[PDB]
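Asker: Dropping in upload_23.json, with JSON, C-alpha atoms.
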```
[["chain", "number", "residue", "atom", "x", "y", "z"],
["A", 1, "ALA", "CA", -28.13, -65.56, 18.57],
["A", 2, "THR", "CA", -24.75, -64.11, 19.60],
["A", 3, "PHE", "CA", -24.33, -62.45, 22.99],
["A", 4, "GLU", "CA", -21.14, -60.51, 23.56],
["A", 5, "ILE", "CA", -20.51, -60.36, 27.32],
["A", 6, "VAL", "CA", -18.11, -57.52, 28.14],
["A", 7, "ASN", "CA", -16.59, -56.92, 31.60],
["A", 8, "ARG", "CA", -16.04, -53.13, 31.85],
["A", 9, "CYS", "CA", -15.63, -53.56, 35.66],
["A", 10, "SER", "CA", -12.20, -52.77, 37.19],
["A", 11, "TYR", "CA", -12.46, -56.25, 38.84],
["A", 12, "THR", "CA", -12.60, -59.76, 37.38],
["A", 13, "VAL", "CA", -16.04, -61.31, 37.09],
["A", 14, "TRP", "CA", -16.95, -64.80, 36.15],
["A", 15, "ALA", "CA", -19.75, -64.60, 33.58],
["A", 16, "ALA", "CA", -22.42, -67.30, 33.64],
["A", 17, "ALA", "CA", -25.11, -68.15, 31.08],
["A", 18, "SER", "CA", -27.78, -70.76, 31.85],
["A", 19, "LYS", "CA", -31.45, -71.61, 31.08],
["A", 20, "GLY", "CA", -31.77, -73.25, 34.52],
["A", 21, "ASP", "CA", -31.55, -76.96, 33.46],
["A", 22, "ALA", "CA", -28.56, -76.42, 31.06],
["A", 23, "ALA", "CA", -25.54, -74.25, 30.31],
["A", 24, "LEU", "CA", -25.80, -71.74, 27.50],
["A", 25, "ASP", "CA", -22.68, -72.25, 25.33],
["A", 26, "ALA", "CA", -19.78, -73.07, 27.72],
["A", 27, "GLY", "CA", -21.95, -71.74, 30.61],
["A", 28, "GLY", "CA", -19.24, -69.69, 32.35],
["A", 29, "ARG", "CA", -15.90, -67.99, 31.88],
["A", 30, "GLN", "CA", -13.47, -65.68, 33.69],
["A", 31, "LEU", "CA", -13.59, -62.13, 32.33],
["A", 32, "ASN", "CA", -10.72, -59.89, 33.39],
["A", 33, "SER", "CA", -11.34, -56.12, 33.23],
["A", 34, "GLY", "CA", -11.95, -55.33, 29.57],
["A", 35, "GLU", "CA", -12.39, -58.92, 28.35],
["A", 36, "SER", "CA", -15.23, -59.85, 25.95],
["A", 37, "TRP", "CA", -16.72, -63.34, 25.66],
["A", 38, "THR", "CA", -18.92, -64.07, 22.61],
["A", 39, "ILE", "CA", -21.46, -66.89, 23.13],
["A", 40, "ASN", "CA", -24.00, -68.56, 20.80],
["A", 41, "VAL", "CA", -27.48, -69.12, 22.27],
["A", 42, "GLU", "CA", -29.77, -71.57, 20.40],
["A", 43, "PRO", "CA", -32.77, -69.84, 18.78],
["A", 44, "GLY", "CA", -36.01, -70.51, 20.74],
["A", 45, "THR", "CA", -34.11, -70.44, 24.06],
["A", 46, "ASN", "CA", -36.79, -69.74, 26.70],
["A", 47, "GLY", "CA", -35.81, -68.46, 30.21],
["A", 48, "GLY", "CA", -32.12, -67.75, 29.46],
["A", 49, "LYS", "CA", -30.18, -65.74, 32.04],
["A", 50, "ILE", "CA", -26.76, -64.15, 32.05],
["A", 51, "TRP", "CA", -25.13, -62.89, 35.23],
["A", 52, "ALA", "CA", -21.78, -62.07, 36.77],
["A", 53, "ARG", "CA", -20.14, -63.86, 39.70],
["A", 54, "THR", "CA", -17.66, -62.06, 42.01],
["A", 55, "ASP", "CA", -14.73, -63.37, 44.10],
["A", 56, "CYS", "CA", -14.49, -66.87, 42.56],
["A", 57, "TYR", "CA", -11.81, -69.51, 43.18],
["A", 58, "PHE", "CA", -11.84, -72.52, 40.76],
["A", 59, "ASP", "CA", -9.34, -75.44, 40.74],
["A", 60, "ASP", "CA", -7.93, -77.14, 37.54],
["A", 61, "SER", "CA", -11.27, -79.10, 37.20],
["A", 62, "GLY", "CA", -13.63, -75.96, 37.08],
["A", 63, "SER", "CA", -14.91, -76.57, 40.69],
["A", 64, "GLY", "CA", -14.85, -73.90, 43.41],
["A", 65, "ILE", "CA", -16.95, -71.12, 44.92],
["A", 66, "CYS", "CA", -18.06, -67.52, 44.20],
["A", 67, "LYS", "CA", -19.32, -65.03, 46.77],
["A", 68, "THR", "CA", -22.12, -63.92, 44.44],
["A", 69, "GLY", "CA", -23.93, -65.93, 41.76],
["A", 70, "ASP", "CA", -22.31, -69.30, 42.51],
["A", 71, "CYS", "CA", -23.99, -72.06, 40.47],
["A", 72, "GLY", "CA", -23.30, -75.19, 42.61],
["A", 73, "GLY", "CA", -19.51, -74.51, 42.68],
["A", 74, "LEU", "CA", -19.02, -74.79, 38.85],
["A", 75, "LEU", "CA", -17.05, -72.49, 36.46],
["A", 76, "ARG", "CA", -19.50, -73.67, 33.73],
["A", 77, "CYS", "CA", -23.02, -73.03, 35.13],
["A", 78, "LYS", "CA", -25.78, -75.60, 34.33],
["A", 79, "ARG", "CA", -28.07, -74.06, 36.99],
["A", 80, "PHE", "CA", -28.93, -70.51, 38.04],
["A", 81, "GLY", "CA", -26.71, -68.72, 40.51],
["A", 82, "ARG", "CA", -27.22, -68.03, 44.21],
["A", 83, "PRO", "CA", -28.49, -64.49, 44.93],
["A", 84, "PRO", "CA", -27.59, -61.79, 44.92],
["A", 85, "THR", "CA", -27.36, -61.62, 41.10],
["A", 86, "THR", "CA", -28.29, -58.87, 38.70],
["A", 87, "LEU", "CA", -30.00, -60.89, 35.88],
["A", 88, "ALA", "CA", -30.00, -60.38, 32.16],
["A", 89, "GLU", "CA", -33.09, -62.42, 31.18],
["A", 90, "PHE", "CA", -34.15, -63.40, 27.69],
["A", 91, "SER", "CA", -36.58, -65.57, 25.76],
["A", 92, "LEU", "CA", -35.72, -65.74, 22.05],
["A", 93, "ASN", "CA", -37.91, -66.49, 18.98],
["A", 94, "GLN", "CA", -41.20, -66.52, 20.96],
["A", 95, "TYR", "CA", -43.82, -66.13, 18.17],
["A", 96, "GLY", "CA", -41.40, -64.05, 16.06],
["A", 97, "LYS", "CA", -40.17, -61.84, 18.96],
["A", 98, "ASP", "CA", -37.28, -61.76, 21.45],
["A", 99, "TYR", "CA", -38.01, -60.60, 25.04],
["A", 100, "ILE", "CA", -35.24, -59.17, 27.22],
["A", 101, "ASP", "CA", -35.20, -57.61, 30.68],
["A", 102, "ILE", "CA", -32.97, -56.91, 33.61],
["A", 103, "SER", "CA", -34.26, -58.22, 36.92],
["A", 104, "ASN", "CA", -33.40, -57.32, 40.51],
["A", 105, "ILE", "CA", -35.84, -59.99, 41.67],
["A", 106, "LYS", "CA", -32.82, -62.12, 42.78],
["A", 107, "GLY", "CA", -30.98, -59.04, 44.10],
["A", 108, "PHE", "CA", -28.05, -57.08, 42.66],
["A", 109, "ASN", "CA", -24.28, -57.77, 42.65],
["A", 110, "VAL", "CA", -22.90, -56.04, 39.53],
["A", 111, "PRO", "CA", -24.29, -53.15, 37.44],
["A", 112, "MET", "CA", -25.35, -54.18, 33.97],
["A", 113, "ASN", "CA", -26.37, -52.97, 30.52],
["A", 114, "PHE", "CA", -28.33, -55.42, 28.33],
["A", 115, "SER", "CA", -28.56, -53.96, 24.75],
["A", 116, "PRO", "CA", -29.29, -55.39, 21.29],
["A", 117, "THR", "CA", -26.40, -55.07, 18.79],
["A", 118, "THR", "CA", -28.95, -55.42, 15.90],
["A", 119, "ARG", "CA", -31.67, -52.82, 15.24],
["A", 120, "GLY", "CA", -35.38, -52.62, 16.21],
["A", 121, "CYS", "CA", -35.41, -52.09, 20.00],
["A", 122, "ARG", "CA", -33.65, -50.33, 22.92],
["A", 123, "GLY", "CA", -31.52, -51.75, 25.73],
["A", 124, "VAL", "CA", -32.12, -51.69, 29.47],
["A", 125, "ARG", "CA", -29.62, -50.78, 32.16],
["A", 126, "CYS", "CA", -29.35, -51.08, 35.90],
["A", 127, "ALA", "CA", -26.10, -49.21, 36.72],
["A", 128, "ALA", "CA", -26.94, -47.39, 40.00],
["A", 129, "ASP", "CA", -24.80, -48.13, 43.06],
["A", 130, "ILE", "CA", -27.36, -50.56, 44.58],
["A", 131, "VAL", "CA", -24.63, -52.24, 46.71],
["A", 132, "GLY", "CA", -23.52, -48.92, 48.28],
["A", 133, "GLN", "CA", -27.12, -47.73, 48.97],
["A", 134, "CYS", "CA", -28.37, -51.22, 49.91],
["A", 135, "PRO", "CA", -30.58, -51.29, 53.04],
["A", 136, "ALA", "CA", -28.75, -52.78, 56.04],
["A", 137, "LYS", "CA", -31.02, -55.90, 56.19],
["A", 138, "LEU", "CA", -30.49, -56.79, 52.46],
["A", 139, "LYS", "CA", -26.64, -56.42, 52.47],
["A", 140, "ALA", "CA", -25.04, -59.75, 51.56],
["A", 141, "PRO", "CA", -21.83, -60.23, 53.62],
["A", 142, "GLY", "CA", -20.25, -61.77, 50.46],
["A", 143, "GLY", "CA", -20.88, -58.51, 48.52],
["A", 144, "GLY", "CA", -24.13, -57.45, 46.84],
["A", 145, "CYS", "CA", -27.69, -56.51, 47.80],
["A", 146, "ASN", "CA", -30.15, -59.38, 48.35],
["A", 147, "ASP", "CA", -33.83, -59.20, 47.37],
["A", 148, "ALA", "CA", -36.28, -59.37, 50.31],
["A", 149, "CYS", "CA", -37.57, -62.80, 49.19],
["A", 150, "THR", "CA", -34.10, -64.36, 49.49],
["A", 151, "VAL", "CA", -33.62, -62.74, 52.93],
["A", 152, "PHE", "CA", -37.06, -63.11, 54.60],
["A", 153, "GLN", "CA", -38.81, -65.98, 52.75],
["A", 154, "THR", "CA", -42.34, -64.49, 53.13],
["A", 155, "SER", "CA", -45.30, -64.97, 50.79],
["A", 156, "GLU", "CA", -45.42, -61.19, 50.30],
["A", 157, "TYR", "CA", -41.75, -60.81, 49.24],
["A", 158, "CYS", "CA", -41.65, -64.08, 47.20],
["A", 159, "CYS", "CA", -45.18, -63.52, 45.76],
["A", 160, "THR", "CA", -45.95, -67.18, 46.49],
["A", 161, "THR", "CA", -49.79, -66.84, 46.21],
["A", 162, "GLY", "CA", -49.42, -64.90, 42.92],
["A", 163, "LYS", "CA", -50.88, -61.93, 44.83],
["A", 164, "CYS", "CA", -48.48, -59.37, 46.32],
["A", 165, "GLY", "CA", -47.65, -55.72, 46.19],
["A", 166, "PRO", "CA", -44.56, -53.60, 46.10],
["A", 167, "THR", "CA", -42.64, -53.41, 49.37],
["A", 168, "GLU", "CA", -40.28, -50.97, 51.02],
["A", 169, "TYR", "CA", -37.51, -53.32, 49.76],
["A", 170, "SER", "CA", -38.82, -53.67, 46.16],
["A", 171, "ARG", "CA", -39.22, -49.86, 46.03],
["A", 172, "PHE", "CA", -35.55, -49.39, 46.87],
["A", 173, "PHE", "CA", -34.52, -51.51, 43.82],
["A", 174, "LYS", "CA", -37.19, -49.76, 41.70],
["A", 175, "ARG", "CA", -36.07, -46.22, 42.77],
["A", 176, "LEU", "CA", -32.39, -46.90, 41.84],
["A", 177, "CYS", "CA", -33.28, -49.00, 38.70],
["A", 178, "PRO", "CA", -36.71, -48.20, 37.30],
["A", 179, "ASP", "CA", -35.96, -50.23, 34.13],
["A", 180, "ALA", "CA", -35.39, -53.56, 36.05],
["A", 181, "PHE", "CA", -37.97, -55.89, 37.69],
["A", 182, "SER", "CA", -38.06, -55.08, 41.44],
["A", 183, "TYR", "CA", -40.54, -57.85, 42.52],
["A", 184, "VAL", "CA", -42.43, -60.70, 40.77],
["A", 185, "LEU", "CA", -45.57, -58.68, 39.83],
["A", 186, "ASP", "CA", -43.70, -55.45, 39.01],
["A", 187, "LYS", "CA", -45.13, -53.65, 35.95],
["A", 188, "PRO", "CA", -43.10, -55.40, 33.20],
["A", 189, "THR", "CA", -39.93, -53.61, 31.96],
["A", 190, "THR", "CA", -39.64, -56.36, 29.30],
["A", 191, "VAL", "CA", -38.38, -54.98, 25.97],
["A", 192, "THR", "CA", -39.72, -56.57, 22.74],
["A", 193, "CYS", "CA", -36.99, -57.05, 20.06],
["A", 194, "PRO", "CA", -37.14, -58.65, 16.60],
["A", 195, "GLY", "CA", -36.78, -62.45, 16.60],
["A", 196, "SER", "CA", -33.09, -63.46, 16.19],
["A", 197, "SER", "CA", -31.63, -60.20, 17.50],
["A", 198, "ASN", "CA", -28.04, -60.23, 18.83],
["A", 199, "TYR", "CA", -27.06, -58.70, 22.16],
["A", 200, "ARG", "CA", -24.33, -57.33, 24.32],
["A", 201, "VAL", "CA", -24.28, -57.65, 28.09],
["A", 202, "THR", "CA", -21.89, -55.13, 29.64],
["A", 203, "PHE", "CA", -20.93, -55.43, 33.31],
["A", 204, "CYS", "CA", -20.15, -52.01, 34.87],
["A", 205, "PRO", "CA", -21.38, -50.12, 31.81],
["A", 206, "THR", "CA", -20.49, -46.63, 33.21],
["A", 207, "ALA", "CA", -17.71, -47.25, 35.87]]
```
Write out the structure in this file as structure tokens.

Answerer:
Amino acid sequence: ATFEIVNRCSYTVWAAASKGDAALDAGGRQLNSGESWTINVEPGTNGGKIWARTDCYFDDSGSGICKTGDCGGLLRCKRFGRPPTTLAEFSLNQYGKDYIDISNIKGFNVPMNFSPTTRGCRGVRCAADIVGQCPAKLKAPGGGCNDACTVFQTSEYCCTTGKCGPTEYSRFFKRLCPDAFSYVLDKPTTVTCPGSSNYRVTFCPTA
């Protein structure tokens, strides 16, 4: 499957694509404002995520730091990024279907549209100004809006017992982005697409 990752932001982001134990394609790249990066994701990829990283500094070797979404200091992510990170999440070719979602479960840094470029399903978007509206206690100094689990490390916010409810903090993400996961047991906003669909992730889809 091909994912085109477009940075429509006015600022540089460093895209990342990982399934948690491995890079997807090259795993990361600098995207200036307007740049598009086309990656190939192996069919049957389960638990893939794409995100943006902000305010990165990498040396000649691809080693450095980002203020949001840093994946152990690498340009080319093998691992998932440090919250806060708006997440494009996908599992491909799962019994003939692709499953995509946007998640705010790990917070929000950059607004995002996650849309198929092939037919048979709709995209999802979280493009509200979550950073500007972010409650004081979730504001990441680095930039971005943390989820309550990352900040407070409670069973309720992290849903550790597999039982938990919405929270004042989850409801803030849900109010600004109804079509993204706000907490672990949120009513799924997963979209079902045909197996072997192709996708575009757009950072800053409206701005």

Asker: How far is it from CA of residue 155 (chain A) to CA of residue 84 (chain A), in Å with one decimal?

Answerer: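 Spanning CA of residue 155 (chain A) to CA of residue 84 (chain A) is a straight-line distance of 18.9 Å.
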
Asker: Which residue is closest to residue 160 (chain A)? Choose from A:92, A:65, A:126, A:184 and count all atoms listed in the file.

Answerer: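 Under the stated criterion, the closest residue is A:184.
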
Asker: With only C-alpha atoms counted, which protein, DNA or RNA residues have an atom no more than 10 Å from (-42.5, -54.3, 47.9) in the file frame? Please answer as a ChimeraX atom specification.

Answerer: /A:147-149,156-159,164-174,182-186

Asker: Output C-alpha atoms for every residue in that selection, as a CSV table (one decimal), in the frame of the given file.

Answerer:
```
chain,number,residue,atom,x,y,z
A,147,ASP,CA,-33.8,-59.2,47.4
A,148,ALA,CA,-36.3,-59.4,50.3
A,149,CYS,CA,-37.6,-62.8,49.2
A,156,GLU,CA,-45.4,-61.2,50.3
A,157,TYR,CA,-41.8,-60.8,49.2
A,158,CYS,CA,-41.6,-64.1,47.2
A,159,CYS,CA,-45.2,-63.5,45.8
A,164,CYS,CA,-48.5,-59.4,46.3
A,165,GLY,CA,-47.6,-55.7,46.2
A,166,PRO,CA,-44.6,-53.6,46.1
A,167,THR,CA,-42.6,-53.4,49.4
A,168,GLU,CA,-40.3,-51.0,51.0
A,169,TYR,CA,-37.5,-53.3,49.8
A,170,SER,CA,-38.8,-53.7,46.2
A,171,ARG,CA,-39.2,-49.9,46.0
A,172,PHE,CA,-35.6,-49.4,46.9
A,173,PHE,CA,-34.5,-51.5,43.8
A,174,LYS,CA,-37.2,-49.8,41.7
A,182,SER,CA,-38.1,-55.1,41.4
A,183,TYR,CA,-40.5,-57.8,42.5
A,184,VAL,CA,-42.4,-60.7,40.8
A,185,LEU,CA,-45.6,-58.7,39.8
A,186,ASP,CA,-43.7,-55.4,39.0
```

Asker: Nearest to residue 120 (chain A): which of A:63, A:2, A:197, A:30 is it, counting all atoms listed in the file?

Answerer: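 Using all atoms listed in the file, the shortest distance to residue 120 (chain A) belongs to A:197.
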
Asker: Rank A:104, A:117, A:93, A:202 by their smallest atom-to-atom distance to residue 43 (chain A), using all atoms listed in the file, and report the top residue only.

Answerer: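 That would be A:93, the residue with the smallest distance to residue 43 (chain A).
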
Asker: As number ranges by chain, please: the residues near residue 62 (chain A) (cut-off 9 Å, only C-alpha atoms, same-chain neighbours under 6 positions excluded).

Answerer: A: 73-76

Asker: What is the distance between CA of residue 132 (chain A) and CA of residue 88 (chain A), in Å to one decimal?

Answerer: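 It comes out at 20.8 Å.
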
Asker: Distance CA of residue 112 (chain A)-CA of residue 203 (chain A), one decimal place?

Answerer: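 Result for CA of residue 112 (chain A) versus CA of residue 203 (chain A): 4.6 Å, one decimal.
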
Asker: Can region 85-110 of chain A be brought up to N, CA and C atoms and written out as a JSON list (two decimals), in the coordinates of the input?

Answerer:
```json
[["chain", "number", "residue", "atom", "x", "y", "z"],
["A", 85, "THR", "N", -27.78, -61.58, 42.50],
["A", 85, "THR", "CA", -27.36, -61.62, 41.10],
["A", 85, "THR", "C", -28.23, -60.69, 40.30],
["A", 86, "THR", "N", -27.65, -59.62, 39.79],
["A", 86, "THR", "CA", -28.29, -58.87, 38.70],
["A", 86, "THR", "C", -28.46, -59.81, 37.49],
["A", 87, "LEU", "N", -29.64, -59.87, 36.90],
["A", 87, "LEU", "CA", -30.00, -60.89, 35.88],
["A", 87, "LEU", "C", -30.27, -60.19, 34.58],
["A", 88, "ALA", "N", -29.55, -60.59, 33.54],
["A", 88, "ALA", "CA", -30.00, -60.38, 32.16],
["A", 88, "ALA", "C", -30.88, -61.57, 31.82],
["A", 89, "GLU", "N", -32.12, -61.33, 31.41],
["A", 89, "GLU", "CA", -33.09, -62.42, 31.18],
["A", 89, "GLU", "C", -33.62, -62.29, 29.77],
["A", 90, "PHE", "N", -33.73, -63.43, 29.10],
["A", 90, "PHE", "CA", -34.15, -63.40, 27.69],
["A", 90, "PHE", "C", -34.90, -64.68, 27.34],
["A", 91, "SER", "N", -35.87, -64.50, 26.49],
["A", 91, "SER", "CA", -36.58, -65.57, 25.76],
["A", 91, "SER", "C", -36.57, -65.18, 24.28],
["A", 92, "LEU", "N", -36.02, -66.06, 23.47],
["A", 92, "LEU", "CA", -35.72, -65.74, 22.05],
["A", 92, "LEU", "C", -36.72, -66.46, 21.17],
["A", 93, "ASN", "N", -37.14, -65.82, 20.06],
["A", 93, "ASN", "CA", -37.91, -66.49, 18.98],
["A", 93, "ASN", "C", -39.20, -67.04, 19.59],
["A", 94, "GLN", "N", -39.89, -66.20, 20.33],
["A", 94, "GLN", "CA", -41.20, -66.52, 20.96],
["A", 94, "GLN", "C", -42.23, -65.83, 20.07],
["A", 95, "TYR", "N", -42.80, -66.60, 19.14],
["A", 95, "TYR", "CA", -43.82, -66.13, 18.17],
["A", 95, "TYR", "C", -43.24, -64.96, 17.42],
["A", 96, "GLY", "N", -41.99, -65.06, 16.96],
["A", 96, "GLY", "CA", -41.40, -64.05, 16.06],
["A", 96, "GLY", "C", -40.75, -62.91, 16.81],
["A", 97, "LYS", "N", -40.75, -62.94, 18.14],
["A", 97, "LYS", "CA", -40.17, -61.84, 18.96],
["A", 97, "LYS", "C", -39.15, -62.38, 19.96],
["A", 98, "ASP", "N", -38.18, -61.54, 20.29],
["A", 98, "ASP", "CA", -37.28, -61.76, 21.45],
["A", 98, "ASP", "C", -37.79, -60.87, 22.59],
["A", 99, "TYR", "N", -37.67, -61.36, 23.81],
["A", 99, "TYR", "CA", -38.01, -60.60, 25.04],
["A", 99, "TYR", "C", -36.81, -60.57, 25.96],
["A", 100, "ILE", "N", -36.38, -59.37, 26.30],
["A", 100, "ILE", "CA", -35.24, -59.17, 27.22],
["A", 100, "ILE", "C", -35.66, -58.28, 28.40],
["A", 101, "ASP", "N", -34.98, -58.47, 29.51],
["A", 101, "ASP", "CA", -35.20, -57.61, 30.68],
["A", 101, "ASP", "C", -33.96, -57.74, 31.56],
["A", 102, "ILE", "N", -33.81, -56.76, 32.41],
["A", 102, "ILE", "CA", -32.97, -56.91, 33.61],
["A", 102, "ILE", "C", -33.90, -57.06, 34.80],
["A", 103, "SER", "N", -33.50, -57.94, 35.69],
["A", 103, "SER", "CA", -34.26, -58.22, 36.92],
["A", 103, "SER", "C", -33.35, -58.02, 38.12],
["A", 104, "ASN", "N", -33.94, -57.41, 39.15],
["A", 104, "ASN", "CA", -33.40, -57.32, 40.51],
["A", 104, "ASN", "C", -34.17, -58.24, 41.44],
["A", 105, "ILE", "N", -34.96, -59.13, 40.86],
["A", 105, "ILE", "CA", -35.84, -59.99, 41.67],
["A", 105, "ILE", "C", -34.96, -60.89, 42.53],
["A", 106, "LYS", "N", -33.77, -61.24, 42.03],
["A", 106, "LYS", "CA", -32.82, -62.12, 42.78],
["A", 106, "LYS", "C", -31.69, -61.26, 43.32],
["A", 107, "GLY", "N", -31.95, -59.96, 43.51],
["A", 107, "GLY", "CA", -30.98, -59.04, 44.10],
["A", 107, "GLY", "C", -30.06, -58.47, 43.04],
["A", 108, "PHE", "N", -29.02, -57.82, 43.50],
["A", 108, "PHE", "CA", -28.05, -57.08, 42.66],
["A", 108, "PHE", "C", -26.64, -57.34, 43.19],
["A", 109, "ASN", "N", -25.71, -57.65, 42.31],
["A", 109, "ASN", "CA", -24.28, -57.77, 42.65],
["A", 109, "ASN", "C", -23.48, -56.80, 41.78],
["A", 110, "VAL", "N", -23.76, -56.75, 40.50],
["A", 110, "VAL", "CA", -22.90, -56.04, 39.53],
["A", 110, "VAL", "C", -23.80, -55.21, 38.61]]
```
